[PDB]
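For this one, two forms of the same chain are given in structure tokens, first as structure 1 and then as structure 2.
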Structure 1
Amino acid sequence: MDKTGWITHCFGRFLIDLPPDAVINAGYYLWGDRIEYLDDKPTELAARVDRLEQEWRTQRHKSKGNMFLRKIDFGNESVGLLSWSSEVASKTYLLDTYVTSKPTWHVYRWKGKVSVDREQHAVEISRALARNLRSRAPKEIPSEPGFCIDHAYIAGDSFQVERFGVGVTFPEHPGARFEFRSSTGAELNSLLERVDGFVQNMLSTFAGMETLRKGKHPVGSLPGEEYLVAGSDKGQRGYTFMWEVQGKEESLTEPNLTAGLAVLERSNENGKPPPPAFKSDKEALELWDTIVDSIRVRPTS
């Protein structure tokens, strides 16, 4: 396939190539909670944080008094607001952390629950985050080890729970969506064994369903397996392409990895069969293979 103009993107520990007109929405998660990129300028961020602290200070726990516990200084201008996680909570706090990349300033919000008896540990994690958050240009590929997010990367190669999910649409293929995810930890079962029952059920029930492909699909040293199905009903064609690397425990570069491409049911435009996502199964498989075969761990030093 002609990848003229395709763009190599960094997501987490990985790289992937997408067409230049791809519409991309990404999310990044640390220890299970989203690290959200904020548009805030520094004065705006300060006002945002002060505003929230003062809101919390007006709120009351049902028995323990003030909902606001403390503002924590994580060093490197990063701060956290610590509050009870609810008005009846006794074992968990909400820790709302704000952190900036260096040396180019960008602001992030990373909020999640923390155990009362794990407070010091949570603090050290945020301290470390503030030390490790390095800025990068939107398409800059870091040669240093680390987990890439919007406008930055978390430098280092020490294990942490980390995950991303990226969703992609294609102007030329209405109704199609591609998604790419990584998550630390081995998935509990493997893709082919997991879905085969349901797929066989689909094939048996619906004459319009077919399996296009089922088996191994390694991409470099990534031991991926795939299951690709398509079907027709109501004069439109649907697709579900599934690819997975099971993952290894406590591994940043061998996490669980999934890639998927779907075309779900869409509607007729004023009583006319919806516009086709693809010209043919061959075209869909081509796009699928081209994207998946571009997935690789970001080379680092």
Structure 2
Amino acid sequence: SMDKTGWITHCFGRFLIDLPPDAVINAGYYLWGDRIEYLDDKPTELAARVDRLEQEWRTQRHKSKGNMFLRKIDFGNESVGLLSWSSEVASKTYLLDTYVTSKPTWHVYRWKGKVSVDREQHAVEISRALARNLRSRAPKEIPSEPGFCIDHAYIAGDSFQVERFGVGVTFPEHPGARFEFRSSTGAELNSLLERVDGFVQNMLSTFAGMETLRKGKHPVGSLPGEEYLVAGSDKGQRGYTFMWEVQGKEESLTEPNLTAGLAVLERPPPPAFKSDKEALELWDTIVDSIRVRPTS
């Protein structure tokens, strides 16, 4: 824990975070509500996918006597899009399946979502730009440029954009334990304590076998993070439920809603930790490493 030797600093969206080298990491990234998704397709494979999927939309009935395919849009920068009706019933909505590529190193990402007839051109203009802003980042590179980092790449820019990610992390040394780190634009209406506190006291006072290890402020650098940590024993198993949270500012990339959490279930398998001490060391070491990525 406190001995951050061999620990690896990672990139997720606008932020950085240190983690032990043993950690098993799995991340999800979302843009304008819709998931941006990495594909391990070499250029020929993607061409096959798009061709295969285009013909599928054509051999699929829309309403009575028309197919579901509409357009194959070219966003340039080696990227493409497929416009289709939102479903078998027209409504007034499409499905814009975007396939953006990274530069200079080749990767392709699928970014798909529904859009109305009256906003299709706008959505295209977004994909048009996402295509020329999506740049690749080297395996261990920590980009100095402004941008939202994703899998094997980042979306360059400091212009506002709703963005969100969620990283699930497990540790082999500490089995049963699960850490999660999430970011999301938009501000929550209450702080952590203002929201959850009342109910936690009503559960702790009601049910036995638990104690509030910590509570209150836990600022990390310029980030105003409150925290709540609960622990308890049952089944001869020691359970944990931690959380840290910056409630974030509206229309802000650098101070969005930002949450770190760690939990260990009960219900004897091997201990996730030796004691409460070891658990809070890991928790504090990781949370204190949270920070906005320095950007020129």
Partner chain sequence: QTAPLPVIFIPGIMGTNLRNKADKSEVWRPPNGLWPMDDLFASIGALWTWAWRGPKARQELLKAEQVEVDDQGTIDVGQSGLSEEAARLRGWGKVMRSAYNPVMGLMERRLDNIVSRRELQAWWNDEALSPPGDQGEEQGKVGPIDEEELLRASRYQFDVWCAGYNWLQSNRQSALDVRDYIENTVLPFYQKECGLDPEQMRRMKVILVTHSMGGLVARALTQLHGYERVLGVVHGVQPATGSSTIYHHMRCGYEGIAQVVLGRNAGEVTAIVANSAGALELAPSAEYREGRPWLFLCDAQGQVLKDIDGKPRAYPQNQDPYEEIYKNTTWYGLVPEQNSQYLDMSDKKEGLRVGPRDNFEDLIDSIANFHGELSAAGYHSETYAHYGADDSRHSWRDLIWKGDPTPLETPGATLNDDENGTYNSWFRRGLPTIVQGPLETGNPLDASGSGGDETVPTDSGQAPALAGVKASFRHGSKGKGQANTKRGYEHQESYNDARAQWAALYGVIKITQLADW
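So that the term is clear: the rigid core is the largest set of C-alpha atoms that superpose within 1.5 Å between two forms. Residue numbering: sequential along structure 1, first residue numbered 1.
A.B. asks: Which of the two structures shown, 1 or 2, corresponds to the form solved without its partner chain?
C.D. replies: Answer to the question: structure 2 is the form solved without its partner chain, whereas structure 1 comes from elsewhere.
A.B. asks: Relative to the superposed core, what is the Cα shift for residue 205 between structures 1 and 2, in Å?
C.D. replies: Displacement of the alpha carbon, after core fit: 2.6 Å.
A.B. asks: Aligning on the rigid core, what is the distance the CA of residue 64 moves between structures 1 and 2, in angstrom?
C.D. replies: Here residue 64 registers a C-alpha shift of 6.8 Å.
A.B. asks: Using the rigid core as the frame, report the C-alpha movement of residue 187 between structures 1 and 2, one decimal, in Å.
C.D. replies: That residue's C-alpha sits 1.2 Å away in the other form.
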